[PDB]
Amino acid sequence: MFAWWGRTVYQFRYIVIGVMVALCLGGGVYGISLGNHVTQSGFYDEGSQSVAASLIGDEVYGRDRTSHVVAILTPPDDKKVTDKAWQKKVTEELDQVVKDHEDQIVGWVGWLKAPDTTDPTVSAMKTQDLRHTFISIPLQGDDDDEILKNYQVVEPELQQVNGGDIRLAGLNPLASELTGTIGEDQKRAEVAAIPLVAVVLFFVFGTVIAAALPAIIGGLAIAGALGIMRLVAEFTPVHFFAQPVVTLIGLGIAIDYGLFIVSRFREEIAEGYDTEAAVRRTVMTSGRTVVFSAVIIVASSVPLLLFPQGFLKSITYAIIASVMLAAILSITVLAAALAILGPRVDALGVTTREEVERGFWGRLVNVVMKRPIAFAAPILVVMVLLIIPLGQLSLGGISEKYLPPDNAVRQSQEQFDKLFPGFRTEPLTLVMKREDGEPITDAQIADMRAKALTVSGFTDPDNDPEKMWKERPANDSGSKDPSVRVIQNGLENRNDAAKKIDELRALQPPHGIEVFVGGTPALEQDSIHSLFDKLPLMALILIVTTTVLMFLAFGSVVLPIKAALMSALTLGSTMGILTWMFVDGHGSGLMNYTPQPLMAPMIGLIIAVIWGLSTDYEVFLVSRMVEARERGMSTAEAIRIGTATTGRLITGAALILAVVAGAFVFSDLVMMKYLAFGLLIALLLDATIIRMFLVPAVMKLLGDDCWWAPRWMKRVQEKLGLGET
């Protein structure tokens, strides 16, 4: 058991050193190079009819690659686009890029390719003043990654047209801007964070090693996480911006764990215990808390596996492997290292009031317990207002509003969207499939169109129903099948989408043929519906699982349901404050971002994380309160000893959470600013208001009830082998 590994680490000291040092360099080269090999197109389309209709549509008519990049060309010296010499010049320039990238571009299409054309919409492309015209440059590729790599192959030559004066916007210029914000945020973090975390560590300690240890743990952590994921990638892959967030969160709570390990070790050394005895009780003492915290986090993450998605699933998978690897390094490499040197790790030093505050905390807790209603009244009245704002919530999807207002690409896009209205559309698709496989008659088409025309409220920009519900264009790379045909059309107001969506699904097609209703508005409204359909069951599993787990940690049945209710209150209050600052806009002008609806599954993730985090700190605290109560003594003694042996710990764990929170205020990315700020604010509010107000008051209210426990449940607890408090 632990005694065995205790003696084995001395007998195998040489190989654990040779392996773990070899592993970090090996994991570094294999990790920095390889293992992240997953696509970015496909984290949201999961099941439903709209996705089947999208695969069938792409399979028959072929993927449409014209809506990738739109470049706006402007002649210098205020010359108009009708200038013929310039057009020839840029055409040769265009032909020059066509000469250099035949393997990436199919070709260019637009009014320039046919100045004298009878096509209405193309004559509607030129602006009424004949001063601006934009062209589309489709690129080769079967997925967005190959496309992006082609954009990076062509961006130089495309950015060199018009003597360098050319603004590049669109899908690929934006994807490039996003991943570049990734690199800017990583480097910003490594040049703003490692010095800040260096001075914060140096200002809390007095010896170099104690402050240098969390950094050593941090470097080994990312190396071992990249190695874990390299092993994970043979079965399931991990991707995205969601990886650095996983490294900052894991490295943070991991430093918290090693903070509680260095603190408990210094404490046992100061009481006068030898290294072995101290390490054995700290091991079990910490390890039992980490095991409880981990099983709690697992119960917080598995329900998402009850309802799959993708991006979220990959993150919950990353969290489980990150917390488990953190616990393993906490109870293996670190504990052994601290065991050999011991207190002479603090010997050399930099050669070249905590008790007064702890007493103020004791006098203040005695004042609170002395006049509790003066605290209970304001807290519970503060409670009603938390959910007032919660009701206001709206749910939406991704769009160009997701970037900061000073980004060049967004303004270029907004200019395109105001200069050339009507070209950008999000249409609903009517995918038609016959099971006989035989062709669809012209009459069957005029009949389907007449029934789609029996529903009002659908856009008609031409002002003519004969031209409505056109057939989709057939590209030269689709397996044309007369068994499938699709017609599409946008909405005048995306808000009537929900109403009209129910009208589209309710239509009865002809006898033998089947109709599929698709398009991006339907996938979004079906994920929204499925989430608000499975939200009650999610909360149900979350509550029953956390209550039984607390019924196992504690011996009571009322205390777990009480903590569950107070954790639900904290949850509701957190999402109510978030809706109160992100939906109505109070605070948007200062932090520089635009208020808009949130992506619901991210609110599910934040609820699970906050719940598990507050529960872990509740188990750590009441776990020490119960250990002291189980050691005898009166209630006031157990209270004082608890809020005395941990005031300095919860204070340092808070300083740490604030340093990391300042690193997430520097984490950039607007949708990351909303999430990271939500977690930081709620975490500080709960960890400085909820725990310290609610706990002393509730325990006081219970009184002697705090110790009751059914007899058969105490024998069950004893029959499993648990109770080494």
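All residue numbers given for chain A refer to Swiss-Prot; the residues shown span 1-352, 382-754 in order.
Positions of Cβ are set from backbone N, Cα and C atoms, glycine also.
According to Swiss-Prot, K462 and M628 sit on the same side of the membrane. Around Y257 (site 'Part of the proton-transportation channel'), a 10 Å sphere centred on its CB holds 24 further CB atoms from the protein chains shown. Where the transmembrane segment (704-724) meets the stretches 318-338, 568-588, 631-651, the count of C-beta pairs under 8 angstroms peaks at 631-651. Same-chain residues lying 6 or more positions outside the transmembrane segment (679-699) and placing a CB less than 8 Å from one of its CB atoms are 181, 184-185, 188-189, 192-193, 196-197, 200, 204, 241, 245, 248, 252, 255-256, 259-260, 263, 431-433, 622-623, 650, 705-706, 708-709, 712-713, 716-717. Note: the CA-CA distance between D645 (SQ109 binding site) and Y257 (site 'Part of the proton-transportation channel') rounds to 12 Å. The list of residues near the transmembrane segment (241-261) in space but at least 6 beyond its ends in sequence, with Cβ under 8 angstroms from a Cβ of it, reads 36, 182, 185-186, 189, 213-214, 217-218, 221-222, 225, 282, 286, 290, 311, 314-315, 318-319, 322-323, 326-327, 329-330, 334-335, 338, 678, 681-682, 685-686, 689, 692-693, 696, 698, 701. Looking at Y257 (site 'Part of the proton-transportation channel') and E647 (site 'Part of the proton transportation network'), their Cα atoms lie 15 Å from each other. When Cβ-Cβ distances below 8 Å are used as the criterion, the transmembrane segment (15-35) is approached by residues 9, 219-220, 222-224, 226-227, 229-230, 233, 333, 336 of the same chain, each at least six residues removed from its ends. Listed as Cβ neighbours of the transmembrane segment (197-217) (distance under 8 Å, sequence separation of 6 or more from its ends, same chain) are residues 254-255, 258-259, 262, 329, 334, 345-346, 348-350, 681, 684, 688, 692.
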